[PDB]
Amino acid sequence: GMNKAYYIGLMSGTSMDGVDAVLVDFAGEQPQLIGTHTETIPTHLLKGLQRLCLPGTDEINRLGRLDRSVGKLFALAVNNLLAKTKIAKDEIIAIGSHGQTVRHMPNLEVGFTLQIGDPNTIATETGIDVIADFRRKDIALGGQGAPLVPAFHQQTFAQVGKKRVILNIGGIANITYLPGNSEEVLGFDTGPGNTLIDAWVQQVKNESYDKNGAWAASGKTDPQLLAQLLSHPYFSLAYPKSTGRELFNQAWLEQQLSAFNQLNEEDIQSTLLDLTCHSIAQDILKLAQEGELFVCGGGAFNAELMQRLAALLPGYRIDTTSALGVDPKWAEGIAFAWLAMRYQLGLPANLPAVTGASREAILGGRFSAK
C-alpha cells in the first residue's frame, strides 16, 4: 500500500486452538494491527496431528501428508483474513509462517526442531511470498531455536528506565527480560504454561480448557504434589533453555500422579496451576525483584492465574500486553509477521544471549509465490 508495509503472520500453537492469522502494517514506529483471524483446525486434521506420537503407524509418510494439509489450512487462514480485511494479496509483502511444531529437540547431541505446514503450499494457494522455517537457523548456530520473540519484544515493548518482563503463556511459558538499559535481553522457556492444566481438564471434565481458571480456583493446592512437581530437573537448568512436549506431557503427569490417585481432581487442578505460577514467579524473581510484568498468550486471560501471579510478585506491576497497545491474543502472530519483515529487509532476528546461538543471523527461508 501507499506508505504501508503489510505483512501477514501465521502461528498455530501446540495447544491446537487454531491457525491465528494477523495482518500487520510495519511502516510506522509501532506495529499497527489491521486485521485478525483464527482458522479452526478441522477434527480429522486434529486427529491426524495427534497420531504423530503413535509409533508403528507410518509416522514419516503421515508427516509428509499432514505437512501438505497444514499448508492448505494455513493458506485458507490467509485467504479468510484477506476476505475480512479486503486488502489485495498483491498489497502484502510477505507471510511469516511459523508452521505447526511436531518435534522440538534442541538438546539432543545433534539438536533439531520440526515445524510442518508446507511453505510452498502456502505460497501457491495465497499468491503471496512466504518466509517460514525460522527456528532451524538458530539451531544450526548452536542455539535453542527458541524463544524467537525477544528481539521483537525489545523493539516493541522495551522502555528505558524500566525493567520489564514479557510473559507469553502458551502450552509452554516463556519470558523475555527487558532490563531497560545497555544490558542484554534474555529469554527462555520457564516450563509449562497451559499444557498440563489443559490436559487435566480435558481428561476429567472433557472441556478443552479451564475457563478463567475457575476449576483451579475451586480446589486447594496440595503442597506435597507442588513440591514434587517443582523438583523436576528442568526448573534447576540455567538459561538459555527451551522445551517442547518431551518433558511436560500427559504421560509425565500421569506418572507424577501415580501416588496421588485419591486426590480430588480440583485439588490436582489447583496444584497444576500453581506449578505454572510458581515456576514462572521463581524465574522472574531471579532476574529482578521489582519491575513491570506484561502477559500475553492464552494465560493472560486466566483471571485465577493472573491473581496468583500477582500474589507471588508483590514488587511487580502486572498487566497484559494491552497496556502496551498490543492485544495479548495476537502478540505472537505479530511477532511472526515481524520475522518475515526482518528477512525481507536482510536483518537478523535471533539473540545469542537468548538462545545460545553463536551469533545473530537471518532466520527463515523464502518461498516464492511466482
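One rule holds for the numbers: they count along the sequence shown, beginning at 1.
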query: Stretch with the higher entry mean CA B-factor, where the candidates are 48-56 and 333-341; finding: 48-56
query: Greater mean Cα temperature factor according to the PDB record, 71-79 or 176-184; finding: 176-184
query: Chain-wide C-alpha B factor ranking for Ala349, given as lowest, middle or highest third; finding: middle
query: Third assignment of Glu246 from its chain's C-alpha B-factors; finding: highest
query: Third of chain Cα B-factors occupied by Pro223; finding: lowest
query: Ranked C-alpha temperature factor of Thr124 among modelled chain residues, by third; finding: lowest
query: Record-listed C-alpha B factor of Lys137: chain third; finding: middle
